[PDB]
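*Asks:* Structure file final19.txt (compact mmCIF, C-alpha atoms and all ligand atoms) is given on the next line.
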# COMPACT_ATOMS: atom_id res chain seq x y z
CA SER A 1 -3.98 -19.96 11.70
CA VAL A 2 -2.19 -16.82 10.54
CA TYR A 3 -0.16 -16.81 13.75
CA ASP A 4 1.10 -20.33 13.07
CA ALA A 5 1.86 -19.55 9.42
CA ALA A 6 3.90 -16.50 10.42
CA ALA A 7 6.04 -18.69 12.68
CA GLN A 8 7.12 -20.63 9.58
CA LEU A 9 9.16 -17.61 8.48
CA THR A 10 12.51 -18.87 9.78
CA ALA A 11 15.78 -16.92 9.80
CA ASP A 12 17.01 -18.05 6.39
CA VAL A 13 13.57 -17.64 4.83
CA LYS A 14 13.47 -14.02 6.00
CA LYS A 15 17.01 -13.49 4.71
CA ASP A 16 16.19 -14.94 1.28
CA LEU A 17 13.09 -12.76 1.07
CA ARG A 18 15.13 -9.62 1.76
CA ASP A 19 17.95 -10.50 -0.63
CA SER A 20 15.58 -11.13 -3.52
CA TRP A 21 13.36 -8.15 -2.70
CA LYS A 22 16.41 -5.88 -2.87
CA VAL A 23 16.45 -6.64 -6.59
CA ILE A 24 12.77 -7.21 -7.38
CA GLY A 25 11.59 -4.19 -5.41
CA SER A 26 14.08 -1.96 -7.23
CA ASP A 27 11.73 -1.66 -10.22
CA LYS A 28 8.22 -1.75 -8.81
CA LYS A 29 6.53 -0.57 -12.00
CA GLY A 30 8.36 -2.96 -14.31
CA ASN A 31 8.28 -6.03 -12.09
CA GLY A 32 4.78 -5.26 -10.83
CA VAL A 33 3.39 -5.18 -14.35
CA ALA A 34 5.36 -8.30 -15.30
CA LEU A 35 4.01 -10.12 -12.25
CA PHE A 36 0.34 -9.40 -12.97
CA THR A 37 0.44 -9.82 -16.76
CA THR A 38 1.98 -13.25 -16.10
CA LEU A 39 -0.89 -14.06 -13.75
CA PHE A 40 -3.43 -13.35 -16.49
CA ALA A 41 -1.44 -15.23 -19.08
CA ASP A 42 -1.04 -18.40 -17.00
CA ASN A 43 -4.44 -18.17 -15.30
CA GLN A 44 -6.94 -16.48 -17.61
CA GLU A 45 -9.74 -17.52 -15.24
CA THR A 46 -8.62 -14.77 -12.84
CA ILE A 47 -9.25 -11.98 -15.36
CA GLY A 48 -12.92 -11.97 -14.38
CA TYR A 49 -12.04 -10.42 -11.01
CA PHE A 50 -10.53 -7.40 -12.77
CA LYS A 51 -13.38 -6.18 -14.98
CA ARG A 52 -12.78 -2.62 -13.74
CA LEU A 53 -9.26 -2.58 -15.21
CA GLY A 54 -10.52 -2.88 -18.77
CA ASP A 55 -8.38 -4.45 -21.49
CA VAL A 56 -5.55 -6.02 -19.49
CA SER A 57 -3.79 -7.23 -22.65
CA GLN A 58 -2.68 -3.63 -23.20
CA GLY A 59 -0.22 -4.08 -20.35
CA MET A 60 1.84 -1.01 -19.43
CA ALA A 61 -0.28 1.17 -21.74
CA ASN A 62 -3.36 0.52 -19.58
CA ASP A 63 -3.31 3.24 -16.91
CA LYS A 64 -5.57 1.33 -14.53
CA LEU A 65 -3.50 -1.85 -14.81
CA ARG A 66 -0.29 0.11 -14.30
CA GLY A 67 -1.78 1.84 -11.27
CA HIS A 68 -2.83 -1.48 -9.75
CA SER A 69 0.52 -3.14 -10.50
CA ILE A 70 2.61 -0.39 -8.92
CA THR A 71 0.34 -0.35 -5.89
CA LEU A 72 0.51 -4.11 -5.41
CA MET A 73 4.28 -3.85 -5.04
CA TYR A 74 3.89 -1.56 -2.02
CA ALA A 75 1.89 -4.23 -0.22
CA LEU A 76 4.84 -6.59 -0.69
CA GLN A 77 7.19 -3.82 0.50
CA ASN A 78 5.03 -3.51 3.62
CA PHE A 79 5.26 -7.26 4.33
CA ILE A 80 9.05 -7.31 3.89
CA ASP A 81 9.45 -4.32 6.21
CA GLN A 82 7.45 -6.12 8.93
CA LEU A 83 9.53 -9.32 8.94
CA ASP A 84 11.38 -8.30 12.14
CA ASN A 85 8.19 -8.21 14.21
CA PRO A 86 5.70 -11.13 13.98
CA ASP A 87 3.00 -9.07 15.69
CA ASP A 88 3.24 -6.30 13.13
CA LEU A 89 3.47 -8.68 10.18
CA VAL A 90 0.29 -10.42 11.30
CA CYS A 91 -1.74 -7.24 11.80
CA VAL A 92 -0.67 -5.92 8.39
CA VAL A 93 -1.53 -9.22 6.70
CA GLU A 94 -4.96 -9.34 8.35
CA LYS A 95 -5.55 -5.73 7.29
CA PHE A 96 -4.53 -6.64 3.74
CA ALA A 97 -6.90 -9.62 3.71
CA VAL A 98 -10.04 -7.60 4.50
CA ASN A 99 -10.73 -6.38 0.96
CA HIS A 100 -9.66 -9.67 -0.60
CA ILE A 101 -12.10 -11.56 1.64
CA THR A 102 -14.88 -9.19 0.56
CA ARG A 103 -14.08 -10.04 -3.07
CA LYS A 104 -14.40 -13.73 -2.23
CA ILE A 105 -10.77 -14.46 -3.15
CA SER A 106 -9.98 -17.84 -1.57
CA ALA A 107 -6.61 -19.10 -0.34
CA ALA A 108 -6.46 -21.39 -3.38
CA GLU A 109 -7.20 -18.49 -5.72
CA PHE A 110 -4.59 -16.24 -4.10
CA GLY A 111 -2.01 -19.02 -4.27
CA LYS A 112 -2.06 -18.75 -8.05
CA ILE A 113 0.33 -15.83 -7.62
CA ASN A 114 3.13 -18.27 -6.74
CA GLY A 115 3.64 -19.21 -10.38
CA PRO A 116 4.12 -15.59 -11.54
CA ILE A 117 6.42 -14.86 -8.60
CA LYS A 118 8.60 -17.85 -9.46
CA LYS A 119 8.89 -16.71 -13.08
CA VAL A 120 9.74 -13.10 -12.24
CA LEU A 121 12.32 -14.34 -9.73
CA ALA A 122 13.88 -16.63 -12.33
CA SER A 123 14.08 -13.74 -14.80
CA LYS A 124 16.39 -12.07 -12.27
CA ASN A 125 18.46 -15.22 -11.67
CA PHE A 126 16.78 -16.19 -8.39
CA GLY A 127 16.04 -19.91 -8.35
CA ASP A 128 13.82 -22.36 -6.47
CA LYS A 129 15.28 -21.49 -3.06
CA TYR A 130 13.82 -18.00 -3.39
CA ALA A 131 10.56 -19.13 -5.00
CA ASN A 132 10.01 -21.40 -2.00
CA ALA A 133 10.78 -18.56 0.43
CA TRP A 134 8.19 -16.38 -1.27
CA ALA A 135 5.67 -19.23 -1.23
CA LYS A 136 6.08 -19.23 2.57
CA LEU A 137 5.22 -15.53 2.77
CA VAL A 138 2.25 -16.01 0.45
CA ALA A 139 1.11 -18.82 2.77
CA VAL A 140 0.81 -16.33 5.63
CA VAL A 141 -1.70 -14.37 3.57
CA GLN A 142 -3.50 -17.56 2.53
CA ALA A 143 -4.01 -18.40 6.21
CA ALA A 144 -5.84 -15.08 6.65
CA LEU A 145 -8.28 -15.61 3.78
CA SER B 1 -8.80 17.20 -13.06
CA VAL B 2 -6.22 15.09 -11.24
CA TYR B 3 -3.59 16.06 -13.80
CA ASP B 4 -4.44 19.72 -13.20
CA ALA B 5 -4.00 19.28 -9.46
CA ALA B 6 -0.71 17.45 -10.03
CA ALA B 7 0.50 20.54 -11.89
CA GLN B 8 0.54 22.38 -8.55
CA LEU B 9 3.34 20.05 -7.48
CA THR B 10 6.19 22.35 -8.46
CA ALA B 11 9.89 21.55 -8.16
CA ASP B 12 10.12 23.27 -4.77
CA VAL B 13 6.99 21.52 -3.49
CA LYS B 14 8.28 18.09 -4.50
CA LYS B 15 11.60 18.83 -2.79
CA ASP B 16 9.92 19.73 0.50
CA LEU B 17 7.73 16.62 0.28
CA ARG B 18 10.75 14.37 -0.28
CA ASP B 19 12.83 16.02 2.44
CA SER B 20 10.09 15.80 5.07
CA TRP B 21 9.18 12.24 4.07
CA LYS B 22 12.80 11.20 4.61
CA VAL B 23 12.06 11.74 8.31
CA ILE B 24 8.33 11.09 8.63
CA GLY B 25 8.54 7.90 6.60
CA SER B 26 11.44 6.52 8.65
CA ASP B 27 9.08 5.36 11.42
CA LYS B 28 5.93 4.29 9.62
CA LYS B 29 4.40 2.55 12.63
CA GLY B 30 5.09 5.38 15.06
CA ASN B 31 4.17 8.27 12.80
CA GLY B 32 1.32 6.43 11.09
CA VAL B 33 -0.36 5.80 14.44
CA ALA B 34 0.35 9.38 15.53
CA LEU B 35 -1.26 10.64 12.33
CA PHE B 36 -4.31 8.40 12.58
CA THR B 37 -5.01 8.90 16.28
CA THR B 38 -4.65 12.67 15.86
CA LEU B 39 -7.34 12.55 13.16
CA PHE B 40 -9.70 10.92 15.67
CA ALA B 41 -8.75 13.34 18.43
CA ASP B 42 -9.36 16.48 16.36
CA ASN B 43 -12.33 15.18 14.33
CA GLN B 44 -14.14 12.60 16.45
CA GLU B 45 -16.87 12.23 13.82
CA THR B 46 -14.42 10.41 11.52
CA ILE B 47 -14.53 7.42 13.87
CA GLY B 48 -17.87 6.63 12.26
CA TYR B 49 -16.05 5.19 9.24
CA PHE B 50 -13.98 2.79 11.36
CA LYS B 51 -16.38 0.54 13.24
CA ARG B 52 -14.38 -2.48 12.01
CA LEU B 53 -11.30 -1.35 13.94
CA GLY B 54 -13.10 -1.78 17.25
CA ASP B 55 -11.89 0.10 20.33
CA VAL B 56 -9.84 2.87 18.72
CA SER B 57 -9.13 4.46 22.12
CA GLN B 58 -6.51 1.72 22.62
CA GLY B 59 -4.29 3.41 20.05
CA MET B 60 -1.07 1.57 19.18
CA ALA B 61 -2.09 -1.48 21.24
CA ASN B 62 -5.13 -2.08 19.02
CA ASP B 63 -3.81 -4.54 16.42
CA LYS B 64 -6.36 -3.55 13.75
CA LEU B 65 -5.70 0.16 14.24
CA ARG B 66 -1.95 -0.46 14.13
CA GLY B 67 -2.31 -2.54 10.98
CA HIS B 68 -4.31 0.18 9.28
CA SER B 69 -1.93 2.95 10.39
CA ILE B 70 1.18 1.18 9.08
CA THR B 71 -0.57 0.36 5.81
CA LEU B 72 -1.68 3.97 5.34
CA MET B 73 1.97 5.04 5.29
CA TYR B 74 2.74 2.86 2.25
CA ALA B 75 0.14 4.72 0.20
CA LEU B 76 2.05 7.90 1.01
CA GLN B 77 5.35 6.14 0.23
CA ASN B 78 3.85 5.20 -3.15
CA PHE B 79 2.81 8.80 -3.89
CA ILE B 80 6.20 10.21 -2.89
CA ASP B 81 8.01 7.69 -5.10
CA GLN B 82 5.96 8.70 -8.18
CA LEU B 83 6.45 12.46 -7.85
CA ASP B 84 8.76 12.79 -10.87
CA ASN B 85 6.39 11.10 -13.32
CA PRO B 86 2.93 12.74 -13.46
CA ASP B 87 1.54 9.88 -15.55
CA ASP B 88 2.40 7.36 -12.84
CA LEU B 89 1.39 9.62 -9.96
CA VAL B 90 -2.02 10.13 -11.53
CA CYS B 91 -2.72 6.44 -12.11
CA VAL B 92 -1.71 5.51 -8.56
CA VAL B 93 -3.86 8.31 -7.10
CA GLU B 94 -6.88 7.22 -9.12
CA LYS B 95 -6.28 3.60 -8.05
CA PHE B 96 -6.10 4.76 -4.43
CA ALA B 97 -9.37 6.70 -4.74
CA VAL B 98 -11.46 3.74 -5.91
CA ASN B 99 -12.10 2.25 -2.46
CA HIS B 100 -12.46 5.66 -0.84
CA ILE B 101 -15.11 6.66 -3.38
CA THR B 102 -16.95 3.42 -2.64
CA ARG B 103 -16.89 4.36 1.06
CA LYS B 104 -18.53 7.68 0.22
CA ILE B 105 -15.62 9.72 1.54
CA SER B 106 -15.92 13.19 0.03
CA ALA B 107 -13.05 15.50 -0.85
CA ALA B 108 -14.03 17.69 2.10
CA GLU B 109 -14.02 14.73 4.48
CA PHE B 110 -10.63 13.57 3.17
CA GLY B 111 -9.26 17.08 3.68
CA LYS B 112 -9.61 16.66 7.45
CA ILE B 113 -6.29 14.80 7.36
CA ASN B 114 -4.47 18.10 6.69
CA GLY B 115 -4.59 19.19 10.32
CA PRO B 116 -3.14 15.90 11.62
CA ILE B 117 -0.37 16.02 9.00
CA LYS B 118 0.52 19.57 10.02
CA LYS B 119 0.82 18.49 13.66
CA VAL B 120 2.89 15.40 12.93
CA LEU B 121 5.23 17.48 10.77
CA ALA B 122 5.52 20.08 13.53
CA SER B 123 6.44 17.39 16.07
CA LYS B 124 9.48 16.73 13.88
CA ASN B 125 10.19 20.45 13.49
CA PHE B 126 8.89 20.87 9.94
CA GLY B 127 7.10 24.22 9.70
CA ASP B 128 4.24 25.69 7.67
CA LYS B 129 6.39 25.57 4.52
CA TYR B 130 6.21 21.78 4.65
CA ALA B 131 2.58 21.61 5.76
CA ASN B 132 1.62 23.66 2.71
CA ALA B 133 3.47 21.28 0.40
CA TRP B 134 1.64 18.33 1.94
CA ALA B 135 -1.70 20.08 1.57
CA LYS B 136 -0.97 20.31 -2.15
CA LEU B 137 -0.33 16.56 -2.33
CA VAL B 138 -3.58 15.91 -0.47
CA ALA B 139 -5.30 18.20 -2.99
CA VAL B 140 -4.25 15.82 -5.78
CA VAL B 141 -6.14 13.03 -4.02
CA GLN B 142 -9.11 15.30 -3.32
CA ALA B 143 -9.36 15.98 -7.05
CA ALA B 144 -9.99 12.26 -7.58
CA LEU B 145 -12.79 11.94 -5.03
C1 LIG C 1 1.18 -10.95 -4.27
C2 LIG C 1 -0.27 -10.92 -4.37
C3 LIG C 1 -1.10 -9.79 -4.34
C4 LIG C 1 -0.88 -8.55 -3.80
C5 LIG C 1 0.39 -8.05 -3.10
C6 LIG C 1 -2.10 -7.78 -3.98
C7 LIG C 1 -2.23 -6.45 -3.62
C8 LIG C 1 -3.38 -5.70 -3.79
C9 LIG C 1 -3.50 -4.32 -3.38
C10 LIG C 1 -2.46 -3.49 -2.63
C11 LIG C 1 -4.74 -3.91 -3.76
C12 LIG C 1 -5.32 -2.53 -3.47
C13 LIG C 1 -6.05 -2.43 -2.14
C14 LIG C 1 -7.34 -3.23 -2.12
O1 LIG C 1 -8.30 -2.83 -2.80
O2 LIG C 1 -7.38 -4.27 -1.43
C15 LIG C 1 -5.38 -5.05 -4.40
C16 LIG C 1 -6.59 -5.00 -5.09
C17 LIG C 1 -7.18 -6.08 -5.74
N1 LIG C 1 -6.71 -7.40 -5.65
FE1 LIG C 1 -5.07 -8.08 -4.74
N2 LIG C 1 -3.11 -8.55 -4.55
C18 LIG C 1 -2.48 -9.75 -4.84
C19 LIG C 1 -3.09 -10.82 -5.50
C20 LIG C 1 -4.41 -10.86 -5.89
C21 LIG C 1 -5.02 -12.02 -6.54
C22 LIG C 1 -4.31 -13.33 -6.88
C23 LIG C 1 -6.32 -11.68 -6.80
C24 LIG C 1 -7.34 -12.44 -7.40
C25 LIG C 1 -7.21 -13.60 -8.24
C26 LIG C 1 -6.48 -10.31 -6.31
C27 LIG C 1 -7.60 -9.52 -6.58
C28 LIG C 1 -7.68 -8.14 -6.34
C29 LIG C 1 -8.70 -7.27 -6.90
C30 LIG C 1 -9.86 -7.64 -7.84
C31 LIG C 1 -8.39 -6.01 -6.55
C32 LIG C 1 -9.12 -4.75 -7.02
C33 LIG C 1 -8.57 -4.29 -8.36
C34 LIG C 1 -9.17 -2.99 -8.83
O3 LIG C 1 -10.38 -2.97 -9.15
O4 LIG C 1 -8.44 -1.97 -8.86
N3 LIG C 1 -5.32 -9.83 -5.72
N4 LIG C 1 -4.57 -6.17 -4.34
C1 LIG C 2 -3.48 10.80 3.65
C2 LIG C 2 -4.55 10.03 4.26
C3 LIG C 2 -4.99 8.73 3.95
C4 LIG C 2 -4.29 7.68 3.42
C5 LIG C 2 -2.87 7.68 2.87
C6 LIG C 2 -5.19 6.52 3.43
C7 LIG C 2 -4.78 5.23 3.10
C8 LIG C 2 -5.60 4.11 3.15
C9 LIG C 2 -5.18 2.80 2.74
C10 LIG C 2 -3.89 2.44 2.01
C11 LIG C 2 -6.19 1.94 3.01
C12 LIG C 2 -6.20 0.45 2.65
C13 LIG C 2 -6.68 0.17 1.24
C14 LIG C 2 -8.15 0.48 1.05
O1 LIG C 2 -9.00 -0.26 1.60
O2 LIG C 2 -8.46 1.47 0.36
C15 LIG C 2 -7.26 2.75 3.57
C16 LIG C 2 -8.44 2.23 4.09
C17 LIG C 2 -9.48 3.02 4.61
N1 LIG C 2 -9.50 4.41 4.60
FE1 LIG C 2 -8.13 5.67 3.85
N2 LIG C 2 -6.47 6.85 3.85
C18 LIG C 2 -6.35 8.20 4.20
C19 LIG C 2 -7.39 8.95 4.72
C20 LIG C 2 -8.67 8.48 4.97
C21 LIG C 2 -9.71 9.29 5.62
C22 LIG C 2 -9.57 10.78 5.99
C23 LIG C 2 -10.78 8.47 5.83
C24 LIG C 2 -12.01 8.76 6.46
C25 LIG C 2 -12.32 9.91 7.28
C26 LIG C 2 -10.39 7.16 5.29
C27 LIG C 2 -11.16 6.01 5.47
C28 LIG C 2 -10.74 4.72 5.17
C29 LIG C 2 -11.46 3.52 5.59
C30 LIG C 2 -12.80 3.45 6.34
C31 LIG C 2 -10.68 2.47 5.26
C32 LIG C 2 -10.94 1.02 5.65
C33 LIG C 2 -10.45 0.76 7.06
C34 LIG C 2 -10.60 -0.69 7.48
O3 LIG C 2 -11.75 -1.14 7.70
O4 LIG C 2 -9.58 -1.39 7.57
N3 LIG C 2 -9.11 7.17 4.76
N4 LIG C 2 -6.93 4.11 3.57
Could you express the structure from this file as structure tokens?

*Replies:*
Amino acid sequence: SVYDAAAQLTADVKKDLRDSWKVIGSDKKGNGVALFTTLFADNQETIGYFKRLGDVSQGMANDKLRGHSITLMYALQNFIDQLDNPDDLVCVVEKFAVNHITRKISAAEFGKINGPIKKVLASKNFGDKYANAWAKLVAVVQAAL
Amino acid sequence: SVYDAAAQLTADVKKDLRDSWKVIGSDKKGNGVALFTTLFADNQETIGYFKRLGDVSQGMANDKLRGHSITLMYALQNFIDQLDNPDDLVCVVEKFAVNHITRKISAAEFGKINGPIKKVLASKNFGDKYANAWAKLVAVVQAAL
């Protein structure tokens, strides 16, 4: 359950999420676009869900892709800001899941974002410890799908 | 059309938006719920779009309503952060409009949020000067609906 998954966010996991977000969230446009372009590069099968975005290979030059990428980063900002209160984190995650459930995005499908997150983290000198912390946060969302 | 509306965001307007957001955005849960519940209080008919939230009369205690209210504030955070780059502001506004267009929310309907914003600003001692600046930001979104 989402309530059980949220309880897995221990003290050090929360701390590692904040420390890495301080850097990653500093450039939402740049890191947001890097995150999603990596998703399409490593998992081309997911491109089908983004027909509305057009030619995603254009990257930053694609206004729709840039708009989506910047916006995605504010969902992550929301999650990080709610780490202090489990009740608020859960209600924001459930709210976030609504549209993804309607698009038939499964937990397994959503989990494909872990790879891209690990790579972006590594590009900023944040290793496995941080990738694992982020996988824990992603797992809270997966529990809601 | 959206670019034209964005042109109304003059230097002075952006300054008032940033200055008032420094306060309003410091308590996203509190002010987001105040904003949302005021919308329902002044325009009861808007509740028709929120059947999924359940018993909205519960206010803050309603987890779904609270989740939506907090999340709403990050869309505004996004807009405020993109004020200095029209190209980015426009793409984030158009991205934001997609789901609202699908919900058949007209520009006129969306404009009903102006009253609630004026009241929330006033509760923090921000006068008409600030309410007018916010109405101009809302107008950018209206141009995309
Ligand atoms: C860290 C992970 C992710 C975050 C933070 C995220 C965030 C968002 C946000 C904020 C929106 C806009 C609001 C909405 O329409 O729900 C959105 C839209 C969307 N997301 Fe997610 N998402 C993530 C991963 C994914 C994945 C892995 C898929 C599918 C494989 C997915 C598919 C979609 C689609 C198709 C849209 C609509 C795009 C459009 O037409 O503009 N998302 N997502
Ligand atoms: C400045 C004001 C507003 C902001 C910043 C805002 C923001 C948001 C955000 C970020 C979402 C989640 C993503 C999505 O599904 O699109 C959302 C959902 C929604 N918004 Fe807007 N919105 C605003 C005003 C309105 C108004 C005036 C209406 C209708 C009278 C409206 C109706 C909806 C509905 C029905 C949902 C889905 C709620 C749910 O089932 O969870 N929004 N809005």

*Asks:* Point out the residue among A:33, A:137, A:113, A:89 with the least atom-to-atom distance to ligand LIG 1 (chain C), counting all atoms listed in the file.

*Replies:*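 Nearest to ligand LIG 1 (chain C): A:113.
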
*Asks:* Determine, using all atoms listed in the file, which residues of chain B have any atom at most 8 Å from an atom of ligand LIG 1 (chain C), and tabulate each with its shortest atom pair and distance in Å to one decimal place, rows ordered by chain and then rising number, as a tab-separated table.

*Replies:*
residue	atom	partner	partner_atom	distance
B:95	CA	C:LIG1	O4	6.0
B:96	CA	C:LIG1	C12	7.4
B:98	CA	C:LIG1	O4	7.1
B:99	CA	C:LIG1	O1	6.4

*Asks:* Can you show chain B as a tab-separated table (two decimals) with C-alpha atoms, in the frame of the given file once it has been least-squares superposed onto chain A, using every C-alpha atom paired in order?

*Replies:*
chain	number	residue	atom	x	y	z
B	1	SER	CA	-3.72	-19.35	12.32
B	2	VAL	CA	-1.85	-16.44	10.76
B	3	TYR	CA	0.62	-16.45	13.64
B	4	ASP	CA	1.20	-20.17	13.05
B	5	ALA	CA	1.91	-19.54	9.38
B	6	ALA	CA	4.24	-16.68	10.28
B	7	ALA	CA	6.23	-19.17	12.36
B	8	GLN	CA	7.32	-20.82	9.11
B	9	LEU	CA	9.23	-17.64	8.31
B	10	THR	CA	12.57	-18.79	9.69
B	11	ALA	CA	15.75	-16.73	9.81
B	12	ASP	CA	16.98	-18.21	6.52
B	13	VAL	CA	13.62	-17.66	4.83
B	14	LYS	CA	13.48	-14.01	5.89
B	15	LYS	CA	17.03	-13.50	4.61
B	16	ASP	CA	16.19	-14.89	1.17
B	17	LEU	CA	13.03	-12.76	1.03
B	18	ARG	CA	14.97	-9.59	1.89
B	19	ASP	CA	17.82	-10.36	-0.52
B	20	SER	CA	15.52	-11.08	-3.46
B	21	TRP	CA	13.30	-8.09	-2.68
B	22	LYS	CA	16.35	-5.83	-2.81
B	23	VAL	CA	16.31	-6.54	-6.56
B	24	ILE	CA	12.65	-7.24	-7.34
B	25	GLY	CA	11.48	-4.22	-5.39
B	26	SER	CA	13.93	-1.87	-7.12
B	27	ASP	CA	11.67	-1.58	-10.18
B	28	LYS	CA	8.15	-1.72	-8.80
B	29	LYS	CA	6.48	-0.58	-12.02
B	30	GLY	CA	8.42	-2.95	-14.27
B	31	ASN	CA	8.31	-6.01	-12.05
B	32	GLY	CA	4.81	-5.33	-10.75
B	33	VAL	CA	3.43	-5.28	-14.29
B	34	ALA	CA	5.49	-8.36	-15.19
B	35	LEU	CA	4.05	-10.16	-12.17
B	36	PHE	CA	0.46	-9.14	-12.84
B	37	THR	CA	0.44	-9.79	-16.58
B	38	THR	CA	2.05	-13.20	-16.02
B	39	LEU	CA	-0.82	-14.08	-13.66
B	40	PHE	CA	-3.28	-13.35	-16.48
B	41	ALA	CA	-1.21	-15.24	-19.04
B	42	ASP	CA	-0.92	-18.42	-16.96
B	43	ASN	CA	-4.38	-18.29	-15.34
B	44	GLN	CA	-6.71	-16.48	-17.73
B	45	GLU	CA	-9.69	-17.14	-15.46
B	46	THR	CA	-8.34	-14.61	-12.94
B	47	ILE	CA	-9.21	-11.81	-15.37
B	48	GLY	CA	-12.78	-12.28	-14.19
B	49	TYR	CA	-11.97	-10.34	-11.02
B	50	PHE	CA	-10.64	-7.33	-12.94
B	51	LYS	CA	-13.43	-6.04	-15.16
B	52	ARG	CA	-12.79	-2.53	-13.79
B	53	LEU	CA	-9.30	-2.47	-15.30
B	54	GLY	CA	-10.72	-2.65	-18.82
B	55	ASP	CA	-8.56	-3.94	-21.68
B	56	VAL	CA	-5.88	-5.83	-19.75
B	57	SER	CA	-4.24	-7.01	-23.00
B	58	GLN	CA	-2.72	-3.51	-23.26
B	59	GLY	CA	-0.38	-4.35	-20.40
B	60	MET	CA	1.86	-1.50	-19.20
B	61	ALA	CA	0.09	1.02	-21.46
B	62	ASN	CA	-3.22	0.47	-19.63
B	63	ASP	CA	-3.18	3.20	-16.97
B	64	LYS	CA	-5.52	1.33	-14.59
B	65	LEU	CA	-3.54	-1.90	-14.89
B	66	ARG	CA	-0.29	0.01	-14.35
B	67	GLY	CA	-1.74	1.78	-11.33
B	68	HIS	CA	-2.84	-1.50	-9.80
B	69	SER	CA	0.48	-3.23	-10.54
B	70	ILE	CA	2.58	-0.50	-8.92
B	71	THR	CA	0.27	-0.40	-5.91
B	72	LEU	CA	0.46	-4.18	-5.47
B	73	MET	CA	4.21	-3.89	-4.96
B	74	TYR	CA	3.79	-1.62	-1.91
B	75	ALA	CA	1.78	-4.31	-0.13
B	76	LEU	CA	4.78	-6.60	-0.62
B	77	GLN	CA	7.12	-3.80	0.50
B	78	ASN	CA	4.99	-3.50	3.65
B	79	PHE	CA	5.20	-7.25	4.36
B	80	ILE	CA	8.97	-7.35	3.81
B	81	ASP	CA	9.49	-4.39	6.15
B	82	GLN	CA	7.57	-6.11	8.99
B	83	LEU	CA	9.39	-9.44	8.83
B	84	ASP	CA	11.28	-8.98	12.11
B	85	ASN	CA	8.19	-8.28	14.21
B	86	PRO	CA	5.54	-11.04	13.99
B	87	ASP	CA	2.99	-8.89	15.81
B	88	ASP	CA	3.23	-6.18	13.16
B	89	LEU	CA	3.44	-8.61	10.24
B	90	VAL	CA	0.26	-10.32	11.41
B	91	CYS	CA	-1.76	-7.12	11.79
B	92	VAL	CA	-0.72	-5.84	8.36
B	93	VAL	CA	-1.55	-9.20	6.74
B	94	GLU	CA	-4.98	-9.28	8.35
B	95	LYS	CA	-5.57	-5.66	7.26
B	96	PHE	CA	-4.55	-6.63	3.72
B	97	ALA	CA	-6.94	-9.60	3.69
B	98	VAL	CA	-10.07	-7.59	4.52
B	99	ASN	CA	-10.77	-6.37	0.98
B	100	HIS	CA	-9.70	-9.66	-0.57
B	101	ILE	CA	-12.11	-11.58	1.66
B	102	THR	CA	-14.87	-9.18	0.61
B	103	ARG	CA	-14.04	-9.99	-3.02
B	104	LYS	CA	-14.49	-13.68	-2.29
B	105	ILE	CA	-10.91	-14.54	-3.20
B	106	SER	CA	-10.15	-17.92	-1.63
B	107	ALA	CA	-6.78	-19.08	-0.35
B	108	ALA	CA	-6.55	-21.42	-3.33
B	109	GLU	CA	-7.30	-18.62	-5.78
B	110	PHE	CA	-4.72	-16.35	-4.11
B	111	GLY	CA	-2.15	-19.14	-4.35
B	112	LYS	CA	-2.17	-18.82	-8.15
B	113	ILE	CA	0.25	-15.90	-7.71
B	114	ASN	CA	3.02	-18.36	-6.74
B	115	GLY	CA	3.73	-19.36	-10.32
B	116	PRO	CA	4.07	-15.75	-11.54
B	117	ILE	CA	6.37	-14.93	-8.60
B	118	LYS	CA	8.57	-17.91	-9.41
B	119	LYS	CA	8.91	-16.74	-13.01
B	120	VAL	CA	9.65	-13.13	-12.13
B	121	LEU	CA	12.29	-14.28	-9.65
B	122	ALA	CA	13.82	-16.57	-12.28
B	123	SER	CA	14.03	-13.69	-14.77
B	124	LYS	CA	16.35	-12.03	-12.25
B	125	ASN	CA	18.27	-15.26	-11.67
B	126	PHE	CA	16.78	-16.17	-8.29
B	127	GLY	CA	16.28	-19.94	-8.17
B	128	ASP	CA	13.90	-22.36	-6.46
B	129	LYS	CA	15.46	-21.54	-3.08
B	130	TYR	CA	13.98	-18.05	-3.34
B	131	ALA	CA	10.68	-19.16	-4.88
B	132	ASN	CA	10.15	-21.46	-1.90
B	133	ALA	CA	10.74	-18.62	0.54
B	134	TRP	CA	8.19	-16.48	-1.29
B	135	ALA	CA	5.66	-19.31	-1.27
B	136	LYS	CA	5.97	-19.32	2.52
B	137	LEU	CA	5.22	-15.59	2.66
B	138	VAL	CA	2.20	-16.10	0.41
B	139	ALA	CA	1.11	-18.89	2.77
B	140	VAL	CA	0.90	-16.34	5.60
B	141	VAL	CA	-1.62	-14.37	3.55
B	142	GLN	CA	-3.49	-17.53	2.56
B	143	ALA	CA	-3.94	-18.32	6.25
B	144	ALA	CA	-5.90	-15.07	6.60
B	145	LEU	CA	-8.30	-15.72	3.73

*Asks:* Show me which residues line ligand LIG 2 (chain C), defined as having an atom within 6 Å of a ligand atom where only C-alpha atoms and all ligand atoms count, and present them as a PyMOL selection string.

*Replies:* (chain A and resi 95) or (chain B and resi 46+49-50+52+68+71-72+75-76+99-100+109-110+113)

*Asks:* Please identify all residues of chain A having at least one atom at most 8 Å from any atom of chain B, considering all atoms listed in the file, and return them as a list in words.

*Replies:*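 Filtering chain A at 8 Å from chain B with all atoms listed in the file gives residues 63, 64, 66, 67, 68, 70, 71, 74, 75, 78, 88, 91, 92, 93, 94 and 95 of chain A.
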